[PDB]
Amino acid sequence: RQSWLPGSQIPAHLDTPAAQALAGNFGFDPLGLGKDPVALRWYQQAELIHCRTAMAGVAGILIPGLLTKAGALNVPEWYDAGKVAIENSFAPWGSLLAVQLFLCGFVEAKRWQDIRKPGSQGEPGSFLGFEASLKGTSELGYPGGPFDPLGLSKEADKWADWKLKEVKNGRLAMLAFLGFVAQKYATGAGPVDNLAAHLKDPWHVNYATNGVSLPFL
Amino acid sequence: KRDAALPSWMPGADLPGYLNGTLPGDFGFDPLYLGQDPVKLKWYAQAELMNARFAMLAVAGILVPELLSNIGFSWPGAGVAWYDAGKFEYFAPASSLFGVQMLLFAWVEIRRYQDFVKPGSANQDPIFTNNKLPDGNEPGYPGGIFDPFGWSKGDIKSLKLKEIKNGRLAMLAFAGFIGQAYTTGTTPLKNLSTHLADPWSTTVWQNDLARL
Amino acid sequence: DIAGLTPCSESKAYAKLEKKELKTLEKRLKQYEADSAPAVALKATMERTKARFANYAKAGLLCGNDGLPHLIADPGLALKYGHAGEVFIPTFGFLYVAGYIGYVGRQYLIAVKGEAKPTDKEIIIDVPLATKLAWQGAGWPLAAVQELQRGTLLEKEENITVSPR
Amino acid sequence: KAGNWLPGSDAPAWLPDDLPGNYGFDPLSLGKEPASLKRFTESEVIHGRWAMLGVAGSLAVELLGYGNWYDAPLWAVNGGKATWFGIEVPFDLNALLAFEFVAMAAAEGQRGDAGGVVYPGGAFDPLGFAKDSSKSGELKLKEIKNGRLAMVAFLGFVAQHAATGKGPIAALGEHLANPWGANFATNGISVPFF
Ligand code: CHL
Ligand code: CHL
Ligand code: CLA
Ligand code: CLA
Ligand SMILES: CC(/C=C/C=C(C)/C=C/[C@@]12O[C@]1(C)C[C@@H](O)CC2(C)C)=C\C=C\C=C(C)\C=C\C=C(C)\C=C\[C@@]12O[C@]1(C)C[C@@H](O)CC2(C)C
Ligand SMILES: CC(/C=C/C=C(C)/C=C/[C@@]12O[C@]1(C)C[C@@H](O)CC2(C)C)=C\C=C\C=C(C)\C=C\C=C(C)\C=C\[C@@]12O[C@]1(C)C[C@@H](O)CC2(C)C
């Protein structure tokens, strides 16, 4: 039994067979948010969506940033890209965002209705023959089908390991984005600039010396 | 749990049992227990072969061209450091060469992967259907047309051990090229000449302390 | 500007008010010596006064004809013209803390009603139990919604006493 | 079975053997349900037939010297006039939209009512090539294979034009002139870091 805090009392609601079947169960729920089984099911979906969005977002900031430093690409800072892109764009940001809400809203609604009634989006005749591919799998949050083109989930012996890797990297990506936001305000530089500055002089360039994080000191 | 008759990377040590000696080069070295899971160990065994065989070609492709230039042989590519070959002017632009490379490697690599998933299912020629590899081959060791001289019919166990040993040494050599070129800024054989000129004052300690 | 107000940074009355307040302190500061404790206290008050008028102007508060800052409470006007930190943002600050206190107290009340003598736990606080609930109250907005959606927040009418009608 | 798309793989069970053009290709299992497969079977043939007309038309215009497929409708936006083989066509854009919508609605409405009749024959088979059932099997395979090729070819026209901006015939000439200096890897968009 792996725990986030060795020797602490694992919450009872995380030790049930249903809870222990979730990926990344390290017994961490000090606020008891997931005590209700229905709520835990909903929060598990929320964590997966945040994990996958954070991973795509952080990869869209870190990889272009590292290539920009190496000179392969020329991409602005993640916090300046929105302005640079819109100047050379074909639409104002208001019309761009509105289209996004319509398109995102449609797919999010279909995912929403599947959470309430799993497999219900396979209702015959609802979609133009494609509903058969929208039933998902037996596990909520792992649709598979057209969402798994390479069929990696079909390998049963590797299924548990794949899920743990996704949630572990997803949790790391979420903290990375929160680090980008905090470091932008604290230092006023880019994430790779912060990394280079720390490596140049680790003992004098960190959050204890940025003049913001520790005001009492 | 490992058999005591098998050779060991650290004589006397107690090594994991899952490295039972079937794979070539099995010296029981796995201090981080990366290969504990049988499913992953199967993949790692192939990945070691692939990285090992490319490293052997790459190392031979970096020393021989430099050795020939030092001897005196003259050809248009002579005298070009392995890390400057990209900028050299060839008959076609580097971008077009890369495009052809990926298309060709997509075919052969997907053929190789098909065998790994279902061994023996990619032994047949798709065009001239008569041609076929022998049915007894194993993943990673095709044989047949890939072994025209029939060396695989001899002491295969020793030959596989020789292959992996040379391969592991080649992989370290290529890692040395990256580190040495990045710190010394010269070709690997030029570094060897400097060391042989004065071995006692040309250690990595001497060199890096000066750059410190 | 909004409702005929003007920014305090551009208000003559606002500037005049600061001069009067500092002038009052300066008059008192004349009767004390430079290094005496009363002089140090008065100057510290003067520094705080100057900082106060500097900060309010920087925050962008609107001033009336009296020269005093006036707050904006409509969410639309506050968000449109950058006054959200006057009423709107403080609104949700309060409701978070207030619900925190209310939710923690409700949890303690429910927890001790399963004890042998519930009334004894209300005059002699179960501090270990109270302390645990206090820390877990940071997530009350999530917990409260789940009870509302689960139908457990409220009691059924058949169990509530009422008078004859 | 026409063949195998991935040598050494197992054909899906839900794809009938007699289905023309069946290479056992369905990695996403889109056609697993019989109802979905029935709709997709018709849609594939309809797409292929339009693509074959679309590709044949796109090449003919440029081969005969009337421009490429992409520039054909520019007269409707630059204030020009329609032409067909060089002879002016009096109609304007608004008239073309109205007639096309009515003509296609009547024709496509009739097809929709038939209920997925892929191979109607009769009036649509005046020469009776597919009159015999035994011979029809091979002809259906040839139609779907040429149709699948045309669909890929049209996607090539669209993708190539976006990257290069030239016509399909012009691109072929450019590649033939300098094969190693004119290809997808040298257009500056298909392969990023070059
Ligand atoms: C949900 C997140 C989470 C949180 C909040 C914690 C929190 C905690 N864990 Mg827990 N863990 C968490 C997840 C997990 N933990 C563990 C496994 C463990 C173990 C095994 C242990 C803890 C322990 C601890 C405690 C350490 C107390 C302290 O002051 O450490 C101080 C923290 C540090 C010294 C780390 C600081 C790192 C620094 C920010 C990065 C520096 C990196 C640079 C490269 C260094 C520079 C180079 C060098 C050469 C100079 C702390 C309460 C320890 C404890 O006390 O248990 C009772 C403990 O033994 N956790 C796992 C794996 C299953 C987790 C998985 O999610
Ligand atoms: C095992 C794989 C592999 C490795 C380890 C390297 C390693 C290297 N290549 Mg090489 N390449 C490899 C495969 C390939 N390369 C190329 C094509 C090139 C080119 C065209 C160039 C390199 C260069 C480099 C160096 C990059 C560092 C540098 O100087 O940056 C700084 C970069 C420069 C000073 C180059 C500036 C001019 C250049 C024409 C700009 C455009 C470069 C491309 C973005 C390179 C893209 C390479 C990708 C596709 C692998 C480095 C020694 C560069 C080099 O030799 O620099 C001295 C270089 O110019 N490689 C191809 C396509 C056939 C490969 C295919 O597998
Ligand atoms: C394959 C093995 C190998 C060999 C034969 C050499 C040989 C040499 N290296 Mg290189 N090197 C290697 C791997 C190797 N290196 C690797 C993996 C790295 C990455 C860390 C480096 C990084 C490196 C640097 C940064 C420098 C050298 C330098 C040197 C020179 C010796 C002086 C020194 O400081 O060495 C130090 C070398 C090491 C600490 C490598 C240790 C690891 C190897 C694999 C040990 C193998 C031991 C084993 C018994 C086999 C050795 C003999 C066999 C090959 C016949 C010499 C030309 C120096 C140079 O260029 O001087 C002019 C120098 O500055 N090497
Ligand atoms: C307590 C009641 C109350 C009252 C009397 C008002 C009154 C007003 N509000 Mg406010 N508002 C309130 C509560 C109230 N609001 C609350 C609770 C919210 C949060 C949901 C908002 C959010 C809000 C926005 C987003 C906006 C206003 C605006 C306005 C002003 C013009 C619009 C109007 O006709 O509003 C009369 C109010 C009602 C009939 C009740 C419902 C009002 C809704 C929530 C907003 C309607 C906005 C309107 C369509 C904008 C038109 C364009 C604008 C440029 C005039 C007006 C002084 C507008 C303004 O001037 O912004 C600078 C504006 O844009 N309000
Ligand atoms: C989704 C996400 C980030 C998404 C980012 C995206 C799309 C970014 C996109 C772009 O950047 C690009 C690519 C390019 C840029 O040019 C433009 C933008 C548009 C900016 C982050 C989530 C980030 C989410 C975070 C950080 C969440 C952290 C949650 C924590 C720590 C919760 C802890 C606990 O709840 C537990 C688990 C149990 C309880 O008992 C106790 C407590 C403590 C309450
Ligand atoms: C490429 C294409 C479809 C490709 C589909 C693919 C690969 C699907 C693959 C898979 O789903 C399977 C099978 C099974 C799943 O398990 C897996 C995946 C991988 C998901 C269709 C093209 C379809 C293409 C069509 C229908 C093209 C029609 C073109 C026409 C009519 C053109 C007309 C004109 O060009 C003229 C003649 C003259 C011009 O001036 C004017 C215009 C109007 C432009």
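In the PDB archive, cryo-EM is given as the structure determination method for this entry, at a resolution of 2.31 Å.

Student: Quick question: what am I supposed to make of the packing of aromatic side chains here?
Tutor: The description of two aromatic rings rests on the distance between their centres and on the angle between their planes. Considering all chains together, one arrives at 25 aromatic pairs over all chains under this definition. Both rings, one in B:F54 and one in B:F105, keep their centres 6.2 Å apart while their planes meet at 35°; by these two values the pair is tilted. Remark: B:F105 occurs in helix α2 (residues 94-117) and B:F54 occurs in helix α1 (residues 38-71); sequence separation between them is 51 residues. Residue classification places B:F54 among the partly exposed residues on the basis of a relative accessible area of 42%. Ring centres of D:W84 and D:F85 lie 4.6 Å apart, and the angle between their planes is 80°; on these two criteria the pair is classed as edge-to-face.

Student: Explanation requested: helix α2 (residues 37-70) of chain A in the structure shown.
Tutor: Since one α-helical turn is 3.6 residues long, residues separated by three or four positions face the same way. Residues and elements named next belong to chain A. Relative to the 50 Å expected for 34 residues at 1.5 Å per residue, α2 spans 48 Å between its end C-alpha atoms, a close match to the ideal helical length. Among the residues of α2, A39, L40, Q44, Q45, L48, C51, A54, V58, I61, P64 and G65 are the ones counted as buried. Just downstream of α2, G71 is the residue with a positive phi angle, here 90°.

Student: Looking at this model, I keep getting lost on the sheet that holds strand β2 (residues 62-63) of chain C. Mind explaining?
Tutor: Backbone hydrogen bonds hold the strands of a sheet together, and the pairing may be parallel or antiparallel. Residues and elements named next belong to chain C. Judged by pairing direction, the sheet is antiparallel, and its 3 strands sit side by side in the order β1-β2-β3 without closing on themselves. In this open sheet, the two strands that pair with only one neighbour each are β1 (6-7) and β3 (69-70). Note that β1 and β2 share 2 bridges and pair antiparallel. Across the sheet, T6 pairs through a bridge with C63, a residue of β2.

Student: Help me understand the site of ligand 6, please; the structure alone is not making it clear to me.
Tutor: Residues and elements named next belong to chain D. Near ligand 6 there are 14 residues, and of these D26, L28, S58, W69 and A72 occur at the shortest range. Within the contact set of ligand 6, an oxygen atom lies 3.5 Å away from a backbone nitrogen or oxygen of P27. Contact between ligand 6 and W69: an oxygen atom at 2.9 Å from a main-chain N or O atom of the residue. Considered on its own, ligand 6 offers 1,000 Å² of accessible surface; in the complex 54% of this is hidden by protein. Counting residues per element, the ones that place at least two in the shell around ligand 6 are α1 (34-63) and α3 (133-164). For the shell around ligand 6, the element with the most residues is α1, which contributes 5 residues. When grouped by side-chain class, the residues that make up the shell around ligand 6 number 10 nonpolar, 3 polar and 1 charged.

Quick notes on the rules
Residues numbered from 1 in each chain as written, not as in the entry; some residues may be left out. Chains lettered and ligands numbered in written order. Part of a larger assembly, values for the part shown. Heavy atoms only, no water. Residues with missing side-chain atoms left out of burial classes, pairs and counts. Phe/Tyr/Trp six-rings, centres within 6.5 Å; stacked < 30°, edge-to-face > 60°. Helix = DSSP H or I, 4+ residues; strand = E, 2+ residues; numbered from the N terminus. Buried < 20%, exposed > 50% of the residue type's maximum accessible area, 1.4 Å probe, protein only. Expected span 1.5 Å × (residues − 1). Pairing = 2+ DSSP bridges. Near = heavy atom within 4 Å. Polar contact = N/O pair within 3.5 Å; in protein donor to acceptor, adjacent residues only side chain to side chain. Areas by Shrake-Rupley, 256 points an atom, 1.4 Å probe, with all protein chains shown as cover. Nonpolar A, V, L, I, M, F, W, Y, C, P; charged D, E, K, R; others polar.

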